Number of protein chains: 6
Amino acid sequence: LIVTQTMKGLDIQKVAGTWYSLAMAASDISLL
Amino acid sequence: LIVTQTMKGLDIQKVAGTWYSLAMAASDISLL
Amino acid sequence: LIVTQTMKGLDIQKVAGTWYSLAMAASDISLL
Amino acid sequence: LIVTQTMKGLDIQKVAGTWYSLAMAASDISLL
Amino acid sequence: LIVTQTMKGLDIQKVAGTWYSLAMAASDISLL
Amino acid sequence: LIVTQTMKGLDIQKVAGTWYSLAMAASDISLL
């Protein structure tokens, strides 16, 4: 598979917590 | 499969919690 | 698989917590 | 964009004229 | 962009004229 | 860009004229 993730002009503030990521791509994605 | 995820001009504030990601793409997606 | 993750013009502030990463890509992604 | 304008403890007196505003924020600001 | 404008303890007197504002923030600022 | 403008304990008097603002921040600033 071909994966293209593009982000332009983002403004993020006050992100208290377990922020994992913004763009995450792979073969198998299992989150418990 | 071909996956294209584009984001422009985002403004995110006060995101307390387990924010995983914004654009996530893969073969298998299983979330418990 | 081919993975391309592009980020331009990001502004991040006050990110208290366990911020893992912004763009994360691999074969297997398992998060507990 | 994220805009935060805070004012505490202001004392204004004798303001003869075309007083527009105190805190003004927007995308485009053109004043002739 | 992230903009934070804070004002505490201001005392303004005798402001005859075209007083526009105190804290003004936006994307484009053109004043003629 | 991240912009923080802080003002504490200001005393302004007799401000005859075209007083625009105190703290002004944005992307493009063109004044003629």
# chains A, B, ... in the order shown; residues from 1 in each chain; ligands from 1
$ residues_around --residues "range 7-18 of chain D" --least-positions-apart "6" --cutoff "9 Å" --atoms "only C-alpha atoms" --output "ChimeraX atom specification"
/E:5-20
$ write_last_selection --atoms "N, CA and C atoms" --output "compact mmCIF listing (two decimals), in the first residue's frame"
# COMPACT_ATOMS: atom_id res chain seq x y z
N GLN E 5 -2.18 38.25 24.11
CA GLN E 5 -1.98 39.64 24.50
C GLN E 5 -2.64 39.87 25.85
N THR E 6 -1.83 40.18 26.85
CA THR E 6 -2.30 40.31 28.23
C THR E 6 -2.04 41.72 28.73
N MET E 7 -3.05 42.31 29.37
CA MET E 7 -2.91 43.63 29.97
C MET E 7 -3.49 43.67 31.37
N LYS E 8 -2.69 44.12 32.33
CA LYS E 8 -3.12 44.21 33.71
C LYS E 8 -2.76 45.56 34.29
N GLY E 9 -3.71 46.21 34.94
CA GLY E 9 -3.44 47.46 35.63
C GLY E 9 -3.10 48.60 34.71
N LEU E 10 -4.06 49.03 33.89
CA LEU E 10 -3.86 50.13 32.96
C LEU E 10 -4.69 51.31 33.42
N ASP E 11 -4.17 52.51 33.26
CA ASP E 11 -4.87 53.73 33.62
C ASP E 11 -4.70 54.75 32.51
N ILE E 12 -5.79 55.05 31.81
CA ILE E 12 -5.76 55.84 30.60
C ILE E 12 -6.67 57.03 30.82
N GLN E 13 -6.20 58.22 30.47
CA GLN E 13 -6.93 59.45 30.74
C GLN E 13 -6.78 60.44 29.60
N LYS E 14 -7.87 61.14 29.27
CA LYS E 14 -7.84 62.27 28.34
C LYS E 14 -7.32 61.85 26.97
N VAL E 15 -8.13 61.05 26.28
CA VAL E 15 -7.67 60.32 25.11
C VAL E 15 -8.35 60.87 23.86
N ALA E 16 -8.55 62.18 23.82
CA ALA E 16 -9.15 62.83 22.66
C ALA E 16 -8.50 62.38 21.36
N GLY E 17 -9.29 61.90 20.42
CA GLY E 17 -8.78 61.52 19.13
C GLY E 17 -9.45 60.25 18.63
N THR E 18 -8.87 59.65 17.59
CA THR E 18 -9.44 58.42 16.97
C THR E 18 -8.80 57.17 17.58
N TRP E 19 -8.87 57.02 18.90
CA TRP E 19 -8.30 55.82 19.58
C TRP E 19 -8.90 54.56 18.96
N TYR E 20 -8.10 53.79 18.22
CA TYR E 20 -8.60 52.56 17.56
C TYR E 20 -8.83 51.45 18.59
$ residues_around --residues "residue 24 in chain E" --least-positions-apart "2" --cutoff "6 Å" --atoms "only C-alpha atoms" --output "PDB file with N, CA, C and O atoms, in the first residue's frame"
ATOM      1  N   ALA D  23     -10.007  45.459  22.646  1.00  0.00           N
ATOM      2  CA  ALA D  23      -9.317  44.268  22.095  1.00  0.00           C
ATOM      3  C   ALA D  23     -10.097  43.891  20.834  1.00  0.00           C
ATOM      4  O   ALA D  23     -11.262  43.473  20.962  1.00  0.00           O
ATOM      5  N   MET D  24      -9.452  43.994  19.665  1.00  0.00           N
ATOM      6  CA  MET D  24     -10.097  43.630  18.373  1.00  0.00           C
ATOM      7  C   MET D  24      -9.188  42.641  17.636  1.00  0.00           C
ATOM      8  O   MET D  24      -8.019  42.992  17.388  1.00  0.00           O
ATOM      9  N   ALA D  25      -9.706  41.451  17.309  1.00  0.00           N
ATOM     10  CA  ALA D  25      -8.891  40.424  16.616  1.00  0.00           C
ATOM     11  C   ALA D  25      -9.719  39.761  15.512  1.00  0.00           C
ATOM     12  O   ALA D  25     -10.897  39.446  15.764  1.00  0.00           O
TER      13      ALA D  25
ATOM     14  N   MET F  24       0.139  45.141  19.006  1.00  0.00           N
ATOM     15  CA  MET F  24      -0.497  44.673  17.745  1.00  0.00           C
ATOM     16  C   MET F  24       0.409  43.614  17.104  1.00  0.00           C
ATOM     17  O   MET F  24       1.584  43.932  16.840  1.00  0.00           O
TER      18      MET F  24
END
$ select_by_dssp --residues "chain F" --states "strand (DSSP E)" --output "list in words"
residues 2, 3, 4, 5, 6, 7, 8, 9, 10, 11, 12, 13, 23, 24, 25, 26, 27, 28, 29, 30 and 31 of chain F
$ interface_residues --of "chain D" --to "chain B" --cutoff "12 Å" --atoms "only C-alpha atoms" --output "ChimeraX atom specification"
/D:1-4
$ decode --residues "chain A" --atoms "C-alpha atoms" --output "short mmCIF file (atom, residue, chain, number, x, y, z; two decimals), in the first residue's frame"
data_model
loop_
_atom_site.label_atom_id
_atom_site.label_comp_id
_atom_site.auth_asym_id
_atom_site.auth_seq_id
_atom_site.Cartn_x
_atom_site.Cartn_y
_atom_site.Cartn_z
CA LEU A 1 0.00 0.00 0.00
CA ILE A 2 1.00 3.61 -0.65
CA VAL A 3 0.32 6.12 2.16
CA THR A 4 0.70 9.94 1.85
CA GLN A 5 -0.14 12.14 4.87
CA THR A 6 0.28 15.89 4.45
CA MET A 7 -0.24 18.61 7.05
CA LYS A 8 0.12 22.35 6.50
CA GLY A 9 -0.62 25.21 8.87
CA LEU A 10 -1.52 23.53 12.17
CA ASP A 11 -1.88 25.34 15.49
CA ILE A 12 -2.15 23.16 18.59
CA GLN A 13 -2.42 24.48 22.14
CA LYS A 14 -2.89 23.13 25.68
CA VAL A 15 -2.64 19.44 24.89
CA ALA A 16 -2.47 17.95 28.39
CA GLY A 17 -2.68 14.18 28.18
CA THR A 18 -1.12 11.17 26.39
CA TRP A 19 -0.92 12.79 22.90
CA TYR A 20 0.39 9.84 20.79
CA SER A 21 1.01 11.39 17.32
CA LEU A 22 -0.50 13.48 14.46
CA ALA A 23 -0.06 11.29 11.33
CA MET A 24 0.57 7.56 12.05
CA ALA A 25 0.54 4.95 9.22
CA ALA A 26 1.65 1.27 9.16
CA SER A 27 0.52 -2.28 8.19
CA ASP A 28 -1.26 -3.38 11.42
CA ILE A 29 -2.72 -0.83 13.93
CA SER A 30 -4.01 -2.39 17.21
CA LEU A 31 -4.71 0.04 20.12
CA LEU A 32 -5.98 -1.23 23.54
#
